[PDB]
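Peer 1:
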Ligand SMILES: [Mg+2]
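Chains as they are written, first to last, in the authors' numbering: chain A, 1 to 49; chain B, 1 to 36, 74 to 87, 137 to 282, 291 to 324, 345 to 377, 401 to 440; chain C, 393 to 441.
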């Protein structure tokens, strides 16, 4: 926290609710489908976690 | 009198290969006419296809009927007469013994003396005797001696490792000490699975398309190191690890790991699992039990 | 998930317009199995309880 980095926007309330499968699919960056996490060279498996 | 595990002593054998494949080119060229350099040898050798578990061959059907005589005396000597003089030109550049070899193979006579039998250099002849004694001792069940031969051999700076099956069956039958056949094999695969011609038939190979013998044999033989058990999720963990998709045999290895782990709803998931991999093993060139037998074991399980 | 996507693949390769009834019982057996264990894994996370 830095007195020379002021913030203009302010959160005033929070609403609780439920994520729909439509929202999720739209916002998602990648659909994950592979149980395997790494390969033999320690790189991320594509479509993995 | 046995194969030597060394690159063959050179010059004359290579220039003879020249004369041979060059004359071969001239004769077969004029032959296709009448039916109408390391690199010359290279194109020449190039344009040509390069109750028990029998990896069966390709038998006789769908092959084309016949031919009736192409080659009388007069017609052959027609094809032969000219390319032999073209050969008369560079024969004048090669050595007299080489020229004699060209004359005799071109008459059709086959040379008395092997490449080994005429070979000549101290170190290589000694390596020849070394490797020989290796192969002999391994044949003689003399795993101790043979092991000494192998270690002394691999020491030498000239030997890349064809010799690995020698050490696989060697340490295998040795049982004596040293980090064993499996360790060697998985070492072979770990060092020679990454970018990190004369000598090469299939039993030693490169990892673009199938490296065969050693890989499949450590695979099966490791599943038999589970026959020691009843390790599995290890073996199929590193059969899970590699992508070299044209296998299916590792699909049957996989489904066999699930049948062995299936020997409560967990066991159910293992049985549904093997049920899956048997069909994704119908993916490729089939390994088949009647497989209703596989399923019948799976119903003995469904009990 | 992958495993159910396979059950669903073999399930469609019925007609069974021909096709002898009982496999109906076994397909259901496999489906119940899948639903139960995914539902368990979700429960365990929200929930190991
Ligand atoms: Mg061929």
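All residues carry an ideal CB built from backbone N, CA and C; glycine is no exception.
(1) Considering only heavy atoms of ligand 1 and the C-beta of each residue, which residues fall inside 6 angstroms, strictly closer?
(2) Indicate whether at least one CB of chain C lies closer than 8 angstroms to the CB of residue 310 of chain B.
(3) What are the residues of the region 15 to 40 of chain A that lie near chain B, defined by any Cβ-Cβ distance shorter than 9 angstroms?
(4) Between the region 363 to 370 of chain B and the region 408 to 418 of chain B, can you find at least three pairs of beta-carbon atoms closer than 8 angstroms?
(5) Can you give me, in chain order, the residues of the region 422 to 434 of chain C that have a beta carbon less than 9 angstroms from any beta carbon in chain B?
(6) Contact check, residue 214 of chain B vs residue 252 of chain B under 8 angstroms by CB: the rounded distance?
(7) So with Cβ pairs under 8 angstroms, would you call residue 413 of chain B a contact of chain C?
(8) When burial is assigned at 16 or more other CB atoms within 10 Å of the CB, is residue 300 of chain B buried or exposed?
(9) Can you pull the DSSP bridge partners for residue 38 of chain A?
(10) DSSP state of residue 52 of chain B, grouped into three classes?
(11) Cβ closer than 9 angstroms: which chain B residues qualify as neighbours of residue 395 of chain C?
(12) Report the neighbours of residue 415 of chain C on chain B: residues whose CB is nearer than 8 angstroms to its CB, in chain order.
(13) For the region 431 to 438 of chain B and the region 419 to 432 of chain C, state whether three or more C-beta atom pairs, one from each stretch, are separated by less than 8 angstroms.
(14) By the 10 Å Cβ neighbour count, where 16 or more other Cβ atoms means buried, how is residue 183 of chain B classified, buried or exposed?
(15) For residue 185 of chain B, I'd like the list of residues in its chain whose CB is within less than 7 angstroms of its CB, leaving aside the five on either flank, ordered along the chain.
(16) Assuming residue 260 of chain B contacts residue 229 of chain B under a Cβ cut-off of 8 angstroms, what Cβ separation, rounded to an integer in Å, is found between them?
(17) Using the DSSP secondary-structure output, state which residues sit across from residue 303 of chain B in a beta bridge.
(18) Looking only at its chain, what residues have a beta carbon closer than 6 angstroms to the beta carbon of residue 48 of chain A, apart from the 5 residues adjacent to it on each side?
Peer 2: Looking at the atomic coordinates:
(1) B/85, B/86
(2) no
(3) 36, 39, 40
(4) yes
(5) 422, 425, 426, 428, 429, 432
(6) Actually they do not touch by this definition, with Cβ atoms about 16 angstroms apart.
(7) yes
(8) exposed
(9) A/44
(10) A gap in chain B, from 36 straight to 74, means residue 52 of chain B has no coordinates in the model shown.
(11) 406, 409, 410, 413
(12) Here the premise fails: no neighbours, minimum Cβ distance about 13 angstroms.
(13) no
(14) exposed
(15) 177
(16) 5 angstroms
(17) B/301
(18) 34, 36, 37
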